Structures are given as structure tokens and as C-alpha cells.
Ligand SMILES: O=c1[nH]c2ccccc2n1C1CCN(CCCC(c2ccc(F)cc2)c2ccc(F)cc2)CC1
């Protein structure tokens, strides 16, 4: 029971990683109900008293949730860009043109890596200029991403800057 | 009375959102603003026999100038309705009773400044439009709608997106100032956004720990 | 005498703004220059009869060096007028009592550092101009003034906008370094910004906490 | 002995700068490297009859590993000199008293992390040229030296400039990752840059108050 909770947290991280990714990339309709597995995060929400023993554990958890929200935003971004694609506008067409794989199109690995890279650059406020929103849906998604990204950036990194002394 | 002032705050936020938009993007329904101004007249009637002179000596004039209809550049006089923000500024103690309320107020004012700067950005872009240098021409080309050009929705979304990116210090590169007026306004927006982040999110860090 | 210090501070701000700008751009009004020189001569005269010996060893040499005209490129020696900053540097006791004064000083030093970096950026971009890779060629190509070339106003606004975007961590992508000297200067600007942005905005957050 | 400690710190900085640069770029002078090796041999000799037992069972293994010549890939095997950083990491007491030497050390480790990331970035980029995709091809196109391509100076300056921009969250848009390896490396660089910003410059904000 002492080490059961760490394994439970690792498996909940696994399922919270691989449910949105599958539901956003691998469909290419009753299987959509599998998205309800995300409710398992309440276990790690309620086990904070046991998880927060060490400050390095809190830093690892903060990095993990930042990466997790980046992954979820990447999945949403790919879903948005995939809905518009079969209807040179949109990020998927530009990505296919850039890597020399005209839309066929880029492989799933390339699309996921591009989406995660764009989401990380937006959340960290770098904006490399390689990937830029170009449609109304993409622009509104970007606006929401920067809003909640300012919020989560402030909260997460203020917590980190408070803990680092400890 | 608390519910009344919270509803007053909601209506103040509504008019602050909808006045600059109608000033800039419109003038190329009215039932909502008619209801809002009628309800604000009801509020000023509530705010006023012994305390009427005290209120008249205090904040009566500021509300009065912001409550007189301008029905008779001619249509631009409605920008004076933005003065109602001090109605919320004067009673900030009531709103600062909870940490969540302060957090929501900070986010709301950040979005409100972004909206106001978006309206100013569109006004700057439009005043130079009839003179491929401005941002409106680039927007038209990128969206595949070369200059009727982009619609009102596309133009507002692009202005808000550029303003949010500049304030948050992302700089996506899709929209970049190209004329001197755009460059100066962008410098001002960068300073405003730096101040926004510093002050607001220092306050946010202060609240979250408690 | 009571208000002489703030007038001297304003004069120092003026010369700090207009000496690097003149040296970097206008080398290829004199009345205000003469007025400023006469005002500084008056200041050094009244700064002084048993205390003259104390000043002779204290700060007279620096003020005398910064006050002597160099007219006999003779204009490059006029950069010595930038030495007047020690007058406000040493008098920090008076200027650090009002919190609003401290905030205004921080804003002015941010703007001054950005202006100096813009002047250095233009000097770098112009020293390599006669040698399609520099930022001046791209600026001329993108604003519709192909090299001729852009006006002085356009060049200054572009340089200041690039410097502000670099210091504020926006990086708009309109102006991007494309030469070894430009890239090295951009790295130096990145380091100086990492220090100065953090320090100044931490101080500003501290004042806001008050 | 303090002079010896500071000289050893300077030599540690030198080797941490020049062995990864050599490994990344110069593969496919030596007098200074030989002098530094002899100096570190002198240092490990100095590190030593009652005290030799403590050193032999203490830090002698790491120092011996970092001091044994590998002149029998040798160019890649010379990287084993990077373990000399423990020699400064284990004497942090001596380098924490000036109150500004530690700030200089923070700036130096900023520059060192940026330089190492630049070396890794160039190592990633150069391995893909045999296989207009890649940052080296774009660099060649931009600076007007199409792929023989850019010189070693241009490649190093571009790599360091991109790494600094990524860490400092500017993203100038001149250099942008395009391959999966470049994108993943950039993701990692952004993450470590954010974390290092938080930690290191929280420490810097704490230190600048004194
Ligand atoms: O405001 C925001 N809204 C946002 C919304 C979403 C996401 C982020 C948002 N953000 C902030 C993100 C962090 N960013 C400051 C980084 C300091 C940086 C630096 C460097 C040089 C410089 F000149 C200025 C700033 C630096 C980086 C690494 C370091 F090690 C040290 C300092 C300010 C914008």
C-alpha cells in the first residue's frame, strides 16, 4: 500500500496521456465513450496530502501537469485543424507544404510533433513563426490558449518560484 | 443590495464591451442598450431626502454626464458612456471581498484592455486603408479574401488575436506592424502588456498562495 | 534652488535623449542646444565661499569635462555631453523619496536604454549598408521605399520598435537580424534585457505591492 | 591558495567553453589545451602525508579521470575533460562571499547553458545535411551562401543566437525548427528555459536587493 499510490499515479498519467491522443488522432462511433476515463484524475487530486511530502515531488508534478495540459491543447489543436482540412488555409496545409509532403500529407508522427511544438511555443510565449493560426476557429482557439496560458503560467511558475527556496 | 451592485457591475462590463466595438467596427440591436440605460436610470433614482444633498455634493455629476442621452462625429458622442467604469472603481471594496472575485476582475479588465486596444488597432488600420502596407491588406491576402476584403468577424478576430499576442509577448508573426503609426501603437501595446503581466500576475501569485 | 534639482534632472533627460540620437542619425535645434549649455553653465556656477575647495576635489573635474565645448568629425566629440548623467546618479537621495518619482525614473531608464540600443542598432545597420542582407534593405523593401531608402523617421521608428520588441521578448518577426554583427548585438541585447527587464520589473512589482 | 582557486575556476570555464565547441564544430590552439592540462596536473598534485589517504578515497578518482590523457574516437573521447566542473561545484564556499561573484556565476552559467545547447543544436543540424529542410540550408539561403555553405563563424553565431532566442522566449522567426528532431529539441529547450528562468532569476531577484 506504501508504493501502490505511485503506481496508480503512473497509470493514471498513462491513461490521461493516451486517451486524448487516441481520441484525437487514431479515428481517421460508439468508441467516443472511452473519453470518460479522464475522470480518474480525482484520485491524484485527493491524494495531494500524501503526494506533497517532498518539494521535488511537487516540482515533478507541476512539470507533469504542464506537459499534460500542453498535450491536451495539442490534441484539441489537431482536431480543429483536421475538421477544416477536407473543406492553402489552415495549419495542416502549411505544415505539409513546409516539410515537403504536400497534402496523403504528413505522417501522424509529424502532425503530432508539430501540434505539440506549436502548443509549447504558444504556452511558453515564444512564437517561432513556423506555425501560426490563420482561420477564425484557429485564431479563437489561440486567443483562449494564450488567456488560460497566462493564467496557468503565472500559477505554475509562481508555485515553482515559491518552492525553489524550500 | 449586494445583488443590485453585482448586476450593476455586470451591466458596466457589458457597456464597456459594447461601446468601443460600436464606435470602431460599426458606423460603416438597440433594445439591449435601451434596457441597460433604463436600468441605470433606475439605479440613479435609487441612489437619490436627507442623503440627497450628500450624494449631489459627491458623485452625482460623474453619473449625470454619463447618463444624459445624446439623441438629437455626430454619432460618435456615445463614447461618453464609458465613464460608468468609476461606478465600479468607487466601490472596489465590495468587489474585493473574495480572492476569486479579485482574480475574475483582473482577468476581466485584462480582456477589456485587450478589446479596447483591438478597437484602437482596427481604427488605426482603417484610417490608413484607402491610402499593401497596412495590416488589413495582409489579412485579406492571408485569409484568401483579397481586397470586399475580410468580413467584420474576420477583422475583429484578427485585431483581437494580434492584440492578445502582443500583450502576452508571444508575437506569432502572422500580424506584424508595418507603418509608422502601427509601429508606435505596437510599442505602446508592448509597454502596456508588460505592465499588465507584471502587476496583474504579481497580484495573482499573491492570491494563489493564500 | 529647491526646484533646481528637478529642472537639472529634466535637462539631463533631454541631453540623454538627444545626444546619442544626434550622433547616430544626424551626422551624415542649435538654439535649444545653446540654451541647455547656458543652463548647465549656470548650474555649475551656482553649485559652488569656504566650500569651493570641497567641490574642487569632489566633482568639479567631471562637470568641467562635460561642460567644455569641443567645437574647433568634430561632432563626434559632442558625445561627452552624455557625461551629465552623474549629476542625477549622485543626487539619488532626493529623487528616491516619492514612490511615483521612483516609478517615473524606472520608466525613463527603460525608455533611455531602449533608445540607446536603437541608436547602436541603427549605427550597426548603417555602417554595413553600402557593403540586401542588412535590416535596412529589408525595411526599405517592405515599406515600399526600395534602396534612396527610407526616411530618417522610418529608420528611427523601425530601430526603436525592433529594440523594444527584443527587450520585451515579443520578437515580432518583421525585423530579424541576418548578419553576424547584428546577431551578436542581438545576443548582447538578450543578455542585457535578461538582467535589466528582470531587475526593473521586480522593483516595479515591489512598488506596486506598496 | 585563493588565487589558485580562482585560476582553477577560470580554467574550468575555459574548458567548459572549448571542449564542447571543439567536439561539435572542429571535428571533420593545442598549446593552450596542453598548458591547461599541465596546470590541472599541477593542481591535482597540489591537492595532496596524513591527508593523502582522505583524497585518495575521496575526489581522486574523478580528478584522475578528468586528468588522464587519451592520446592513443579520440576527438570524442576528449570530452571526458568535462568532469572538471566538479572541481568548482565542490568548492562553492570559496565562490560565495563577494556578493557579485555569484551573480557573475549565474550569468556565466546562463551563457554556458546557451552555448552547450547551441553545440547540441549544431550537432543535430549537421547530421541531417547529407540526408531545403533543416536550419543549415535556410541559414545558407538567408546569408547568401547557398549550400560548401556558411562558414564556421556564421554557423556558430546562428546556433548561439537561436538558442538564446529560444531560452529567452523571443522567437525571432529567422531560425525556426522544421524537422522532427529540431522540433523535439526546441520543445526541450523551451521547457528548460522556462524552468531556468523561474529558478535562476528568482534567485537573481532575491540577490539584487543587496
Ligand atoms: O506575459 C505573459 N503572458 C503570457 C501568456 C502565456 C505565456 C506566457 C506569458 N507571459 C510571460 C512569459 C514570461 N516572459 C518573461 C520571461 C523573462 C525572460 C526574459 C529575458 C530577457 C528579456 F529581456 C526579457 C524577458 C527570461 C527568460 C529566461 C531567463 F532565464 C530570464 C528571463 C514574460 C511574458
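Indices start at 1 and increase along the chain as displayed.
This deposition comes from electron microscopy, 3.2 Å.
Cβ from N, Cα, C; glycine included.
The transmembrane segment annotation in Swiss-Prot covers B:74-94 (among others).
Through the fold, the topological domain 'Cytoplasmic' (B:95-100) approaches residues 9, 88, 207, 210 of its own chain, all at least 6 residues removed from its boundaries and within a Cβ separation under 8 Å. Positions annotated as topological domain 'Cytoplasmic' by Swiss-Prot, on the basis of sequence analysis: B:95-100.
Sequence annotations record features per position, and here Swiss-Prot assigns transmembrane segment to B:101-121 (among others) based on sequence analysis.
Under the heading intramembrane segment, Swiss-Prot lists B:157-177.
If you look up Swiss-Prot, you'll see B:169-174 marked as motif 'Selectivity filter'. Remark: secondary structure over the motif 'Selectivity filter' (B:169-174) totals 0 helix, 0 strand, 6 coil, with classes taken from DSSP.
Residues or ranges marked as transmembrane segment by Swiss-Prot on the basis of sequence analysis: B:184-204 (among others).
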(request) Report, as a whole number of Å, the distance between the Cα atoms of residue B:147 and residue B:148, which flank a stretch of 5 unmodelled residues in this deposited structure. (result) 5
(message) With a gap of 9 unmodelled residues, how many angstrom separate the Cα of residue B:72 from the Cα of residue B:73?
(response) 13
(request) Note that 15 residues are unmodelled after residue B:48 and before residue B:49; then state the distance between the two Cα atoms in Å, as a whole number. (result) 8
(request) Rounded to a whole angstrom, give the Cα distance between residue B:131 and residue B:132, which sit at either end of 3 unmodelled residues. (result) 10
(message) How many Å lie between the CA of residue B:28 and the CA of residue B:29, given 17 residues are missing there?
(response) 16
(message) Given a Cβ distance threshold of under 8 angstroms, which distant residues of the chain, six or more beyond its ends, lie next to the transmembrane segment (B:184-204)?
(response) 102-103, 106, 110, 113, 117, 120-121, 124, 163, 166-169, 177
